[PDB]
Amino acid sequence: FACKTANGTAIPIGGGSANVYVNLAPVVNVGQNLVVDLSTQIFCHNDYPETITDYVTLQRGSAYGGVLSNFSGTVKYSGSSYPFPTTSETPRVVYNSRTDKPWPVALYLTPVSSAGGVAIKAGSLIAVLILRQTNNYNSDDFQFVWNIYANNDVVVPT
């Protein structure tokens, strides 16, 4: 089991970390969602599907910088929605194929009443997502740490 980014940055068997740089909608109104769909940028696969079933959860998702200050976060993991920042580990998603499958993580961020102006700064860390991988074969318990950075400013009209 290993993961790779849309651009080819890989975290190999055993886990590790990698940076993910996402384009964000440049203007988000109060009452709208800024969506950070990471399933288009994080892909993982099972290396031994003939024998092993891998289990994948979103163990923890943390908010930083402007997302922490200016947004109210919900994370949608494999079709279900949970608070973001997270308050529990998600259920497992089964990875049972050697073909790359998107990691089904999307963030839904809506501005708070106090938000206005440059609510997210270009190049800033906006989230850290911890993917936890286990299996039905051994005691493997690995963390793939995704640091999410904003490629651009996000302005909340005032």
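Sequential numbering from 1, following the sequence displayed. So that the term is clear: the rigid core is the largest set of C-alpha atoms that superpose within 1.5 Å between two forms.
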Greatest C-alpha divergence in 9 other deposited structures of this protein once each structure is fitted on the rigid core, 6 to 14 or 139 to 147: 6 to 14
Grab the CA temperature factor for residue 108 from the record and place it in the lowest, middle or highest third of its chain. middle
Looking at the entry's B-factor column for C-alpha atoms only, identify whether residue 10 ranks in the lowest, middle or highest third of its chain. highest
Tertile call for residue 83 (CA temperature factor, within chain, third-based) is the middle
When the modelled residues of the chain are sorted by Cα temperature factor, does residue 47 land in the lowest, middle or highest third? middle
Residue 142 - Cα temperature factor, lowest/middle/highest third of chain: middle
